[PDB]
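Next comes my_file-v2.txt, with compact mmCIF, C-alpha atoms and all ligand atoms.
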# COMPACT_ATOMS: atom_id res chain seq x y z
CA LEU A 1 99.62 131.65 90.46
CA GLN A 2 98.20 128.15 90.64
CA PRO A 3 95.19 127.91 93.00
CA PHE A 4 95.23 125.99 96.33
CA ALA A 5 94.35 122.30 96.27
CA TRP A 6 91.11 122.99 98.10
CA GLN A 7 90.00 125.40 95.36
CA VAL A 8 89.95 122.83 92.58
CA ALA A 9 87.84 119.72 91.87
CA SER A 10 88.45 116.67 94.11
CA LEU A 11 90.55 113.84 92.75
CA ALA A 12 88.40 111.39 94.70
CA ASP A 13 85.28 112.79 92.96
CA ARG A 14 86.97 112.67 89.56
CA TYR A 15 87.81 108.97 90.05
CA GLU A 16 84.74 107.84 92.03
CA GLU A 17 83.56 105.43 89.23
CA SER A 18 87.06 103.88 89.07
CA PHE A 19 88.96 103.54 92.34
CA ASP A 20 89.68 105.18 95.73
CA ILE A 21 92.19 108.02 95.81
CA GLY A 22 94.40 107.71 98.84
CA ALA A 23 97.27 109.40 100.71
CA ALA A 24 99.90 108.27 103.17
CA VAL A 25 99.86 110.28 106.31
CA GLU A 26 101.50 111.01 109.67
CA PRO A 27 99.41 112.21 112.64
CA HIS A 28 100.71 115.79 112.24
CA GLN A 29 99.36 115.85 108.69
CA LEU A 30 95.77 115.38 109.84
CA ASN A 31 95.31 119.12 110.53
CA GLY A 32 96.40 122.46 109.18
CA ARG A 33 96.80 122.86 105.47
CA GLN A 34 97.72 119.18 104.99
CA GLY A 35 94.57 118.15 106.69
CA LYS A 36 92.55 120.53 104.51
CA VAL A 37 94.08 119.02 101.33
CA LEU A 38 93.45 115.57 102.69
CA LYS A 39 89.81 116.06 103.46
CA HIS A 40 89.28 117.74 100.09
CA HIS A 41 90.92 115.25 97.74
CA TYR A 42 91.12 111.76 99.17
CA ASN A 43 88.73 109.01 100.28
CA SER A 44 91.35 106.59 101.62
CA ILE A 45 94.30 106.91 103.87
CA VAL A 46 97.27 104.76 104.97
CA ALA A 47 99.83 105.36 107.71
CA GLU A 48 103.15 106.42 106.32
CA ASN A 49 104.87 105.06 109.45
CA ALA A 50 102.59 104.69 112.49
CA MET A 51 101.43 101.16 111.60
CA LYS A 52 104.75 99.58 110.86
CA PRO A 53 105.84 96.80 113.26
CA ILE A 54 108.29 98.90 115.22
CA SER A 55 105.67 101.66 115.55
CA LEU A 56 103.18 99.34 117.17
CA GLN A 57 105.19 96.87 119.22
CA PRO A 58 108.61 98.38 119.92
CA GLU A 59 109.39 95.94 122.73
CA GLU A 60 108.00 92.51 123.32
CA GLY A 61 104.45 92.82 124.67
CA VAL A 62 104.69 96.62 124.78
CA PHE A 63 102.18 98.11 122.32
CA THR A 64 102.10 101.82 121.38
CA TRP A 65 98.79 102.69 119.73
CA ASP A 66 98.58 106.52 119.93
CA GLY A 67 99.69 107.50 116.43
CA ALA A 68 97.89 104.61 114.71
CA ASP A 69 94.71 105.31 116.65
CA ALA A 70 94.78 108.97 115.60
CA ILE A 71 94.87 107.96 111.97
CA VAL A 72 92.07 105.40 112.48
CA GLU A 73 89.93 107.98 114.24
CA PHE A 74 90.49 110.43 111.43
CA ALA A 75 89.43 107.83 108.82
CA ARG A 76 86.28 107.13 110.87
CA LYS A 77 85.39 110.80 111.38
CA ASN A 78 85.98 111.61 107.72
CA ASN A 79 84.38 108.53 106.17
CA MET A 80 87.61 107.44 104.52
CA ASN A 81 88.74 103.95 103.66
CA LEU A 82 91.88 102.81 105.50
CA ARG A 83 94.76 100.69 104.34
CA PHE A 84 96.88 98.99 106.93
CA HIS A 85 100.60 99.27 106.34
CA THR A 86 102.05 96.80 107.30
CA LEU A 87 101.92 93.56 109.35
CA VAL A 88 105.34 92.23 108.20
CA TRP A 89 108.46 94.01 106.87
CA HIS A 90 112.24 93.59 107.19
CA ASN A 91 112.61 97.33 107.80
CA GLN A 92 111.07 99.41 110.61
CA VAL A 93 110.71 96.14 112.62
CA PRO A 94 112.04 95.75 116.16
CA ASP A 95 115.06 93.56 116.64
CA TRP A 96 113.50 91.71 119.62
CA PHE A 97 111.49 89.52 117.18
CA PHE A 98 114.71 87.91 115.93
CA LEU A 99 116.55 87.10 119.18
CA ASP A 100 116.63 83.62 120.67
CA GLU A 101 115.68 82.94 124.24
CA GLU A 102 119.35 83.77 125.29
CA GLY A 103 119.01 87.18 123.67
CA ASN A 104 121.25 86.44 120.65
CA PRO A 105 120.44 86.82 117.03
CA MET A 106 118.62 83.77 115.70
CA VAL A 107 120.40 84.12 112.33
CA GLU A 108 123.65 83.23 114.03
CA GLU A 109 122.52 79.84 115.32
CA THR A 110 124.30 76.87 113.74
CA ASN A 111 122.54 73.96 115.47
CA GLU A 112 119.72 72.94 113.14
CA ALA A 113 117.38 71.79 116.01
CA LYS A 114 117.84 75.13 117.71
CA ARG A 115 117.11 76.86 114.35
CA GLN A 116 113.86 74.95 114.19
CA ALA A 117 113.03 76.02 117.78
CA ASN A 118 113.82 79.59 116.77
CA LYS A 119 111.60 79.37 113.70
CA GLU A 120 108.65 78.33 115.89
CA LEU A 121 109.36 81.08 118.39
CA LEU A 122 109.54 83.76 115.67
CA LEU A 123 106.34 82.49 114.03
CA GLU A 124 104.53 82.53 117.40
CA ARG A 125 105.69 86.09 117.98
CA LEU A 126 104.52 87.06 114.54
CA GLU A 127 101.09 85.43 115.24
CA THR A 128 100.77 87.35 118.47
CA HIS A 129 101.69 90.69 116.80
CA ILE A 130 99.18 90.10 114.00
CA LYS A 131 96.38 88.89 116.32
CA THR A 132 96.78 91.87 118.62
CA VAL A 133 96.94 94.46 115.89
CA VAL A 134 94.13 92.88 113.83
CA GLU A 135 91.77 92.53 116.78
CA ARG A 136 92.23 96.26 117.42
CA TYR A 137 91.64 97.50 113.90
CA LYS A 138 89.56 94.83 112.13
CA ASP A 139 86.43 96.93 111.92
CA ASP A 140 88.27 99.89 110.40
CA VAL A 141 90.74 98.47 107.88
CA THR A 142 89.55 98.05 104.23
CA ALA A 143 92.83 96.56 102.82
CA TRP A 144 95.72 94.89 104.73
CA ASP A 145 99.35 94.94 103.49
CA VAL A 146 99.89 91.62 105.23
CA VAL A 147 103.42 91.32 104.01
CA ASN A 148 105.68 93.96 102.47
CA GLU A 149 108.73 93.50 100.19
CA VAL A 150 109.13 89.75 100.58
CA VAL A 151 110.20 89.14 96.99
CA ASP A 152 113.81 89.77 95.86
CA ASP A 153 114.87 92.10 93.05
CA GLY A 154 117.38 89.40 91.98
CA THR A 155 117.43 85.61 92.25
CA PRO A 156 119.38 84.63 95.40
CA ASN A 157 117.35 81.41 95.73
CA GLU A 158 115.12 79.33 93.40
CA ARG A 159 111.92 81.11 94.39
CA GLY A 160 113.28 84.64 94.23
CA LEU A 161 112.43 85.37 97.88
CA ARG A 162 114.21 88.21 99.70
CA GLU A 163 116.65 86.74 102.15
CA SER A 164 115.72 89.02 105.05
CA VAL A 165 115.85 87.78 108.64
CA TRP A 166 112.34 86.50 108.16
CA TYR A 167 113.38 84.14 105.33
CA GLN A 168 116.65 83.18 106.92
CA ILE A 169 114.77 82.08 110.06
CA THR A 170 111.54 80.67 108.59
CA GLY A 171 111.88 80.21 104.83
CA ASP A 172 108.56 81.14 103.32
CA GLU A 173 106.62 80.10 106.39
CA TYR A 174 106.38 83.62 107.81
CA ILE A 175 104.43 84.62 104.69
CA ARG A 176 101.96 81.73 105.05
CA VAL A 177 101.56 82.37 108.75
CA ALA A 178 101.01 86.07 108.21
CA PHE A 179 98.15 85.63 105.75
CA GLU A 180 96.53 82.73 107.63
CA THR A 181 96.61 84.71 110.93
CA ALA A 182 95.36 87.91 109.25
CA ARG A 183 92.42 85.98 107.74
CA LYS A 184 91.63 84.15 110.99
CA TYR A 185 91.43 87.37 113.01
CA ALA A 186 90.27 89.95 110.50
CA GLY A 187 87.44 87.89 109.07
CA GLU A 188 86.45 86.19 105.87
CA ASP A 189 85.71 89.45 104.10
CA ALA A 190 88.93 91.34 104.97
CA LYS A 191 91.05 92.11 101.91
CA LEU A 192 94.55 90.73 102.26
CA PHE A 193 97.40 92.13 100.06
CA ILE A 194 101.00 91.29 99.33
CA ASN A 195 102.72 94.67 98.70
CA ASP A 196 105.96 95.32 96.87
CA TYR A 197 107.90 97.73 94.64
CA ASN A 198 109.22 97.04 91.10
CA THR A 199 106.18 94.79 90.57
CA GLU A 200 106.24 95.88 86.89
CA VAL A 201 109.75 94.68 86.10
CA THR A 202 111.37 91.24 85.87
CA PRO A 203 112.63 89.07 87.32
CA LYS A 204 110.80 90.47 90.35
CA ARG A 205 107.35 90.65 88.70
CA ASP A 206 107.55 87.01 87.81
CA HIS A 207 108.93 85.85 91.18
CA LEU A 208 105.92 87.61 92.70
CA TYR A 209 103.57 86.07 90.21
CA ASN A 210 104.88 82.61 90.96
CA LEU A 211 104.76 83.17 94.70
CA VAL A 212 101.07 84.23 94.67
CA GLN A 213 100.23 81.25 92.45
CA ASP A 214 102.07 78.90 94.82
CA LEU A 215 100.43 80.30 97.95
CA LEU A 216 96.96 80.35 96.35
CA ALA A 217 97.35 76.65 95.24
CA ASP A 218 98.25 75.84 98.80
CA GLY A 219 95.10 77.54 100.12
CA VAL A 220 96.91 80.48 101.67
CA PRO A 221 94.37 83.43 101.71
CA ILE A 222 95.60 86.28 99.43
CA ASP A 223 93.20 88.73 97.81
CA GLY A 224 95.33 91.27 96.03
CA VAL A 225 98.71 92.68 94.99
CA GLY A 226 99.85 96.08 96.23
CA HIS A 227 102.00 97.89 93.68
CA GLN A 228 104.03 100.48 95.50
CA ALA A 229 104.60 102.46 92.24
CA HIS A 230 107.71 104.41 93.31
CA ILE A 231 108.16 105.35 89.72
CA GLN A 232 110.00 107.88 87.48
CA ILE A 233 108.91 110.08 84.62
CA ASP A 234 110.18 107.65 81.91
CA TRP A 235 110.31 104.29 83.77
CA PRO A 236 108.65 101.82 84.07
CA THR A 237 106.70 101.93 80.82
CA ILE A 238 102.92 102.14 80.54
CA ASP A 239 102.83 98.74 78.90
CA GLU A 240 104.97 97.23 81.76
CA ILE A 241 102.55 98.61 84.26
CA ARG A 242 99.54 97.27 82.26
CA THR A 243 101.01 93.78 81.82
CA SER A 244 101.76 93.36 85.51
CA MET A 245 98.27 94.45 86.67
CA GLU A 246 96.64 92.21 83.97
CA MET A 247 98.78 89.27 85.07
CA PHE A 248 97.62 89.53 88.62
CA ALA A 249 93.98 90.14 87.53
CA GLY A 250 94.23 86.89 85.55
CA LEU A 251 94.77 85.07 88.82
CA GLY A 252 91.61 86.64 90.25
CA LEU A 253 93.63 89.02 92.44
CA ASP A 254 92.73 92.61 92.98
CA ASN A 255 95.32 95.31 92.26
CA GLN A 256 95.98 98.43 94.31
CA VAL A 257 98.51 101.15 93.64
CA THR A 258 99.74 101.74 97.16
CA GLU A 259 102.67 104.25 97.38
CA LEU A 260 102.59 106.26 94.17
CA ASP A 261 105.14 108.97 93.66
CA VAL A 262 106.66 110.27 90.40
CA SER A 263 110.24 111.17 91.09
CA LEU A 264 111.96 113.84 89.05
CA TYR A 265 115.23 111.79 89.06
CA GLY A 266 116.35 108.41 87.72
CA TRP A 267 118.87 106.13 89.63
CA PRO A 268 121.25 107.36 90.86
CA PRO A 269 119.32 110.56 91.66
CA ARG A 270 122.11 113.08 91.00
CA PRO A 271 122.59 115.72 90.17
CA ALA A 272 119.40 116.79 91.94
CA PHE A 273 118.06 120.27 91.87
CA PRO A 274 119.19 121.81 95.16
CA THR A 275 116.01 123.62 96.09
CA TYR A 276 112.39 123.51 94.85
CA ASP A 277 112.74 126.89 93.13
CA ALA A 278 115.71 125.56 91.20
CA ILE A 279 113.49 122.93 89.49
CA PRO A 280 112.72 124.21 85.95
CA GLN A 281 109.06 124.40 84.94
CA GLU A 282 109.79 122.09 82.04
CA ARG A 283 110.43 119.23 84.52
CA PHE A 284 106.95 119.79 86.00
CA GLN A 285 105.54 119.54 82.47
CA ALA A 286 107.33 116.28 81.79
CA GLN A 287 105.89 115.07 85.10
CA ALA A 288 102.41 116.23 84.08
CA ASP A 289 102.62 114.28 80.79
CA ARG A 290 103.62 111.19 82.80
CA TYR A 291 100.79 111.62 85.24
CA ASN A 292 98.36 112.08 82.41
CA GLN A 293 99.37 108.74 80.81
CA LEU A 294 99.42 106.95 84.13
CA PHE A 295 95.94 107.95 85.14
CA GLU A 296 94.61 107.17 81.63
CA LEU A 297 96.04 103.69 82.11
CA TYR A 298 94.61 103.31 85.62
CA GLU A 299 91.20 104.34 84.25
CA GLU A 300 91.52 101.83 81.43
CA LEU A 301 92.32 99.14 84.05
CA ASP A 302 89.66 100.24 86.52
CA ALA A 303 87.76 96.90 86.41
CA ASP A 304 90.97 95.39 87.92
CA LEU A 305 92.17 98.28 90.18
CA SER A 306 90.21 99.31 93.31
CA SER A 307 92.51 101.97 94.85
CA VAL A 308 95.27 104.41 94.00
CA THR A 309 97.24 105.86 96.96
CA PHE A 310 100.02 108.45 96.76
CA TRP A 311 102.83 108.17 99.22
CA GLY A 312 102.16 111.60 100.70
CA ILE A 313 100.08 114.67 100.14
CA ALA A 314 102.11 117.60 98.85
CA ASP A 315 105.71 118.25 97.78
CA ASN A 316 106.73 119.60 101.23
CA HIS A 317 106.98 116.10 102.66
CA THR A 318 108.37 113.06 100.83
CA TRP A 319 111.03 110.42 101.54
CA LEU A 320 112.24 111.23 98.04
CA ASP A 321 113.90 114.30 99.51
CA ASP A 322 115.88 112.02 101.87
CA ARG A 323 116.89 109.99 98.82
CA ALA A 324 117.91 113.09 96.94
CA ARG A 325 119.96 114.38 99.87
CA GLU A 326 121.60 110.96 100.34
CA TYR A 327 123.03 111.06 96.76
CA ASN A 328 123.92 114.71 96.56
CA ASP A 329 125.99 115.40 99.70
CA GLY A 330 123.08 116.57 101.88
CA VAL A 331 121.43 118.89 99.33
CA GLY A 332 118.56 118.16 96.98
CA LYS A 333 114.81 118.47 96.48
CA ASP A 334 112.29 116.15 94.73
CA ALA A 335 108.65 117.04 93.83
CA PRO A 336 106.62 113.87 93.26
CA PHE A 337 103.02 114.83 93.72
CA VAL A 338 100.33 116.89 91.97
CA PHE A 339 100.36 119.54 94.82
CA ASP A 340 103.32 121.84 95.51
CA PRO A 341 104.96 122.60 98.86
CA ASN A 342 102.46 125.42 99.48
CA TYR A 343 99.52 123.23 98.54
CA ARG A 344 99.07 124.86 95.19
CA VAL A 345 98.20 122.67 92.23
CA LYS A 346 100.83 121.69 89.73
CA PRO A 347 100.56 121.06 86.01
CA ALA A 348 100.16 117.36 86.78
CA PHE A 349 96.89 118.07 88.70
CA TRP A 350 95.22 119.63 85.67
CA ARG A 351 96.29 116.70 83.48
CA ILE A 352 94.66 114.16 85.83
CA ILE A 353 91.50 116.13 86.68
CA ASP A 354 90.42 116.36 83.03
MG MG A 401 94.35 113.77 81.47
NA NA A 402 88.06 99.85 90.16
Represent the supplied structure as C-alpha cells.
Ligand SMILES: [Mg+2]
Ligand code: NA
Amino acid sequence: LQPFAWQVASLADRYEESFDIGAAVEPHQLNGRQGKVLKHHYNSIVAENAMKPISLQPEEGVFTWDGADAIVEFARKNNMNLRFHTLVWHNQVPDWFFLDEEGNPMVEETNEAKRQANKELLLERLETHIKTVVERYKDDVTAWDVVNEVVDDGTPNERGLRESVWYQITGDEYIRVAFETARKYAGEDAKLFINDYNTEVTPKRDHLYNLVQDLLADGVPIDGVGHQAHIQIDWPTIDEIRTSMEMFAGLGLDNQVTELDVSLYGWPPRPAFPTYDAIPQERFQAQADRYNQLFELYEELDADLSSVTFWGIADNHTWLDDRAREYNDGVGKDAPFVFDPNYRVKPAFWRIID
C-alpha cells in the first residue's frame, strides 16, 4: 500500500530553495491526521474560509475572530508563513456592506447623488473592515490577498472588470481603496496581492495585466499576483502558465500559486466517478504526469514564484467534491491532491518529490 504522508520526505523540504509549500485549512484540520500531514509537509498556511469577509464581520461592527485566531496561533506555534485570504470578495461577504442607510440595496438606487453617497459609505465600511482586520493580524501575515476575483472572465466593460456589487457601487475605486488601506495599516513591507483564477487564459489574463499596470502607474501599492490554479489534467497548458507568470514578473510583481488543485474532470464535470474507489488507477497516473510537469515548471520559474499553496490537504476534503456532486445529481468524487483520503501518498507525490 502507499505509505502515510508523514512517512515520506517533506514537500516543503524538497522545495525549500524555490518557494513555500502551503495548504488551505479549517480549524478542525489543525489536529488529528490532517494536522499531522500539515505539520510534516507545509511551511505556509491560508484559511480556506475563516478569513473571508463574512467570517470576520458578519454584522456591522460585530467581529468574530475565533476561527481565524486559531489558524494564526497554529502558524505561530509551528513557524509557518501565513497568507491572508481575503480582504475583498463578492462571495462569502455579508450583505450589510451593500445596503444604504434606509436598509435597501445600494445597487437599486437610481438617483446619481445618492449613488455617490452610497459609494462613499461602502468605501468607508470597506476601510473600517480592512483597518480592523489588518491591525489584528499585521505581525503574522506574510502575503495579503487584498482583493479576490475582481477581473471578469469576459468583457462586460472596457476594462474587463467583474461587475459585482463592488464595481456597480464604486467602479474600480474599491480596489484602489483596498490596497491603499492595506498598505497604510499593514506597513511598508507587507506583501499585497491581487488574487484570481484563470489568470493563464485570455481575455482574463490580459484584463488583469492591464489592471495591475494601470493601478501601479497610479501609485496604488500592489506587490504580487495570486494565481488560484484551479486547474485540470490537460488544461491550461504549461506554456500558458509560464507566459502568465513571466508577464507579471516583467512588471516587477511577485507570483504566488494560491489555491492549487488538479481536478480529475474537465467542464462540465460529468460523468464523475461516483466514489473514490471507482476512480481507475490510470486517472491517478495521468494526474501524476500533470503534477510532475507543473512542479518542473514552478521550479524553472522559482526566481519569480515565492509560494505554492494547495487548496486543501488530502483528498477527503475539497470543494471539488461539491462541484462534482452539483453536476452529477448529488453523487461524485474528485481527488485533486498528492495525498489520498486516508493520508496515503498518491502517484503524484512521488513525481513531485523526485
Ligand atoms: Mg518529478
Ligand atoms: Na522563489
Residue neighbourhood residue A:178, 12 Å, only C-alpha atoms, exclusion window fewer than 2 positions, as a VMD selection string: chain A and resid 86 to 89 122 to 131 134 144 to 148 150 166 170 172 to 176 180 to 186 192 to 194 215 220 to 222
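Minimum atom-to-atom distance to residue A:43, evaluated using only C-alpha atoms, belongs to A:74 out of A:74, A:84, A:65, A:327.
You can rank A:282, A:8, A:26, A:138 by their closest distance to residue A:344 using all atoms listed in the file, and at the top of that list sits A:8.
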Counting only C-alpha atoms, which residues sit no farther than 12 Å from the position (94.3, 85.3, 93.6) in the file's frame? I'd like them as an MDAnalysis selection string. chainID A and resid 191:194 208:225 247:255
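Minimum atom-to-atom distances from A:290, A:317, A:14, A:39 to residue A:339 were compared using all atoms listed in the file, and the lowest value belongs to A:317.
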Can you tell me which residues come within 7 Å of ligand NA 402 (chain A) when counting all atoms listed in the file, ideally as a PDB file with C-alpha atoms, in the coordinates of the input?
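Okay, out_29.pdb is ready:
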ATOM      1  CA  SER A  18      87.060 103.880  89.070  1.00  0.00           C
ATOM      2  CA  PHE A  19      88.960 103.540  92.340  1.00  0.00           C
ATOM      3  CA  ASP A 302      89.660 100.240  86.520  1.00  0.00           C
ATOM      4  CA  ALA A 303      87.760  96.900  86.410  1.00  0.00           C
ATOM      5  CA  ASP A 304      90.970  95.390  87.920  1.00  0.00           C
ATOM      6  CA  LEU A 305      92.170  98.280  90.180  1.00  0.00           C
ATOM      7  CA  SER A 306      90.210  99.310  93.310  1.00  0.00           C
ATOM      8  CA  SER A 307      92.510 101.970  94.850  1.00  0.00           C
TER       9      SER A 307
END
Find the residues near residue A:242: any atom within 9 Å, counting all atoms listed in the file, skip ones fewer than 2 places away on the same chain, and give them as an mmCIF file with C-alpha atoms, in the coordinates of the input.
data_model
loop_
_atom_site.group_PDB
_atom_site.id
_atom_site.type_symbol
_atom_site.label_atom_id
_atom_site.label_comp_id
_atom_site.auth_asym_id
_atom_site.auth_seq_id
_atom_site.Cartn_x
_atom_site.Cartn_y
_atom_site.Cartn_z
ATOM 1 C CA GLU A 200 106.240 95.880 86.890
ATOM 2 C CA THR A 237 106.700 101.930 80.820
ATOM 3 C CA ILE A 238 102.920 102.140 80.540
ATOM 4 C CA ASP A 239 102.830 98.740 78.900
ATOM 5 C CA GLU A 240 104.970 97.230 81.760
ATOM 6 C CA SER A 244 101.760 93.360 85.510
ATOM 7 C CA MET A 245 98.270 94.450 86.670
ATOM 8 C CA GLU A 246 96.640 92.210 83.970
ATOM 9 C CA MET A 247 98.780 89.270 85.070
ATOM 10 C CA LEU A 297 96.040 103.690 82.110
ATOM 11 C CA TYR A 298 94.610 103.310 85.620
ATOM 12 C CA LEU A 301 92.320 99.140 84.050
#
